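Take a look at this one chain, the form deposited in one PDB entry, written out in structure tokens.
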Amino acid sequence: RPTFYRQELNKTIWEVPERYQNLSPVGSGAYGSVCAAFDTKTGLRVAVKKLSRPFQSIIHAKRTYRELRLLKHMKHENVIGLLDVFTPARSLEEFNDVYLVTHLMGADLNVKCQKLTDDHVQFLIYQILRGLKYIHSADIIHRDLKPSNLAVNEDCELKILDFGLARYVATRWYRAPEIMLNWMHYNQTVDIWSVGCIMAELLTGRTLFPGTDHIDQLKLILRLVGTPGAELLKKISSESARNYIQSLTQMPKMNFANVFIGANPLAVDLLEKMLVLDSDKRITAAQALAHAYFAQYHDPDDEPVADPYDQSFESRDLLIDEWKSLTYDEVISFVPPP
């Protein structure tokens, strides 16, 4: 067992191995606070997250297990990877805290100075889609993809954070309209809608759909893509969602070439394919990687998929101590990457 040391950060005690030095709070992460740290074993700058009350509720205990299982499985260059997982607990009976360690990277994609050049956008979006192809192949979706959960280093290398966890006092600028309207006729291309929103913002320097509330958000989306057509309306099972759509003014679809003036025509074409209201017609991550916009980056021989991922726990209703014991087993069996 390594030697641990205690300190107070964010009005709570952090107890970590001596290996992690100079803990500095860098704000909140998903379900916990994150500290930047120096890993003395590897010489790498890392992000250490202390999960908040991981086993103090059934929802928390199951999400703790969900997150650790996800992190232990996902092994891809454009997907955040688990460098370490630890607990100061010496036994299952004392197991109450979970800490997770990943690369820090340095910044996220989220005040703005300027637009990004076309090659910079190609590289960033390519990396996002390459990471999404991998995540989606494990039957995992982000569901809350946005600039703040895209971690980038000084060389513009990118890793997706906080996927597989999500399922009106906040802006939902990158959310697919089908998740917002609870249709709930949706698939993995909800993340492709978010990619489209991000790409558009990187190219123009402006938020594509900066809705002031849930109502205004949909209004801005429909102003660009047009109101749902007859083919799409037929596929909506929800009476509540269908009623909402009809109550809105009929908007024509805008030609994106007139919205993204001066942009690479191939970027405009890809945006048209990503920002389709009908999720059955929206481009997939794998299809988007093959689009001519990424000709300089695309390599079909190096866009890997995930190994089969056992997610059967998702259907289970277990007690807090059962989720805790399963999580503990995962912590003790963890093998760090080379």
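So that there is no doubt, residue numbering starts at 1 and follows the sequence shown. Whichever C-alpha set is largest while still superposing within 1.5 Å between the two forms counts as the rigid core.
Farther from the shown form on average, by C-alpha root mean square after a core fit in 5 other deposited structures of this protein, is 90-98, of the stretches 257-265 and 90-98. Remark: when the other structures in 5 other deposited structures of this protein are fitted onto this one via the rigid core, 182-190 deviates more than the alternative among 100-108 and 182-190, judged by RMS CA distance. Across the other entries compared, none leave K72 without coordinates where the residues on each side are present, so it is far from a third. Per the records, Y168 is among the residues left out by at least a third of the other compared entries, whereas the shown structure includes it. A chain break between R167 and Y168 is present, corresponding to 4 to 9 residues of the deposited sequence without coordinates. Gap check for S148 to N149: zero deposited residues are absent from the model. Averaged over their C-alpha atoms, the temperature factors of 92-100 and 236-244 are higher for 236-244. Between 211-219 and 155-163, the higher mean Cα B-factor belongs to 211-219. When the C-alpha B-factors of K75, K253, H136, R130 are ranked from the entry, the top spot goes to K253. Note on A295, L70, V46, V276: the highest value goes to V276, judged by CA B factor as recorded. Among the modelled residues of the chain, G262 sits in the highest third by CA temperature factor in this PDB entry. Looking at the C-alpha B-factors along this chain, the one for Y126 belongs to the lowest third. Remark: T284 belongs to the lowest third of its chain, ranked by C-alpha B-factor as recorded. In the PDB entry, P304 places in the lowest third of its chain by CA B-factor. The deposited CA B-factor of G106 belongs to the middle third of values across its chain.
Just so you know, the form solved in complex with a small molecule exists too; it's not on screen, but the next bit is about it.
Interface residue remark: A306 is not counted as part of the site for the small molecule in the entry with it bound, having no heavy atom within 4.5 Å. Heavy atoms of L277 reach within 4.5 Å of the small molecule in the entry with it bound, making it an interface residue.
A residue is said to contact a partner when one of its heavy atoms sits within 4.5 Å of a partner heavy atom; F260 fails this definition for the small molecule in the entry with it bound, lying far away. Although the partner is absent from this view, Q250 stays clear of the small molecule in the entry with it bound, with no non-hydrogen atom inside 4.5 angstroms. Three-residue candidate spot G196, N264 and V268; no residue lies within 4.5 angstroms of the small molecule in the entry with it bound by any non-hydrogen atom.
Listed stretches are 203-211, 87-95, 181-189, 252-260; the contact stretch with the small molecule in the entry with it bound is 181-189, by a heavy atom cutoff of 4.5 Å.
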